[PDB]
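Below you will find one chain, with nothing else, as structure tokens; this is the form deposited in one PDB entry, and questions on how it binds or moves follow later.
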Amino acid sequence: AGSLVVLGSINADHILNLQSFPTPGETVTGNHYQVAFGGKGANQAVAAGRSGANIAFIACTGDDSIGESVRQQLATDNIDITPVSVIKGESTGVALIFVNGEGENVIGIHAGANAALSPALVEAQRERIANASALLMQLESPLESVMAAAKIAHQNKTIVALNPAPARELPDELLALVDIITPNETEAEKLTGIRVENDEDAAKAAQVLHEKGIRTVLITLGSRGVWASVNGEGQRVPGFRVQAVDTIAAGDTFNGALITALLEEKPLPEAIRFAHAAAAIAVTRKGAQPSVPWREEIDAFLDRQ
């Protein structure tokens, strides 16, 4: 099948489950603590890899021991880590995550080596990006780097897939180069200025994105699935119903598995189905990367449906 390049961050996630988020000056004690591999780019690369994509990963670790471990792990996740650079004198990214009794989380991130993923590292991968069928990125990498790689993909008819997370505003210049974008509700509001409270809102935020030049807009709607729109023709694809347990990286899982399905030439709806399945398994498991399902598991889930 087609060839995927993911470009994004790598973190070590520290996750503490608690009842309520601490308020300023406060101290709370948690009930479960976990250390695992995270980072939006790595989570997405792992969802692609484990889903069965031909994927290569552009990213940076620091020169430390954790960076060493994550590289070895990534290689076992069906990912070509040849373009994963090692930044001398730099530490591997870290995320500190609190998850409350509802399942809401807040996240603090130490960028470390992720900030060292520069336009010049992108340019060194020109050829790789020019030959890929698709390029998938998020916003935990330097914007200038996302922009440089989007330009190369566009020049070379590589599908640009952008998951605009974490939330922030983005220039028209970037948005015009994107073919598929996957905002959640907060992002869609941040990018279009339209608050997304229902399917009719979803279709409105989508329209503003189609006029920015983006043909395929998917607005994830949490447990309400996704609003999928292709130049203005839109419908909701409900997700599967499961006993959720951990939502971190659900969207990561969804993006990685979406692109995998699309590059197998499955049509959008079959592909969203594939993806919704993968995420639903993911929300029944703990942590980010440990939660990411394998193809066989995603295929066994769909048969059971």
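One rule holds for the numbers: they count along the sequence shown, beginning at 1. In this text, rigid core is short for the largest set of C-alphas that superpose within 1.5 Å between two forms. Residues that one form lacks are left out of the comparison.
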Compare the mean C-alpha B-factor of 138-146 with that of 224-232 as given in the PDB entry, and name the stretch with the higher value.
224-232
Decide which of the stretches 243-251 and 27-35 has the higher mean C-alpha B-factor, going by the entry.
243-251
Which of these has the highest Cα B-factor in the record: 126, 151, 195, 215?
195
Highest Cα B-factor in the PDB entry belongs to which of 164, 89, 93, 171?
89
Third of the chain's Cα B-factor distribution that residue 102 belongs to, per the entry
highest
Quick one: classify residue 52 as lowest, middle or highest third of the chain based on its Cα B-factor.
middle
Can you tell me whether residue 72 has a C-alpha B-factor in the lowest, middle or highest third compared with the other modelled residues of the same chain?
highest
For residue 81, the third of its chain by CA B-factor is the middle
Looking at the entry's B-factor column for C-alpha atoms only, identify whether residue 110 ranks in the lowest, middle or highest third of its chain.
lowest
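Although not depicted, the form deposited in another entry is the subject of the following passage.
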Answer among 167, 143, 106, 120 for the CA shift between this form and the one not shown that reaches 2 Å or more, rigid core superposed
106
Did residue 18 shift 2 Å or more between this form and the one not shown, C-alpha, core superposed:
yes
Does residue 27 move its CA by 2 angstroms or more between this form and the one not shown when the core is aligned?
yes
Regions shifting between this form and the one not shown, defined as 3+ consecutive residues whose CA atoms all move 2 Å or more relative to the core:
16-33, 97-107
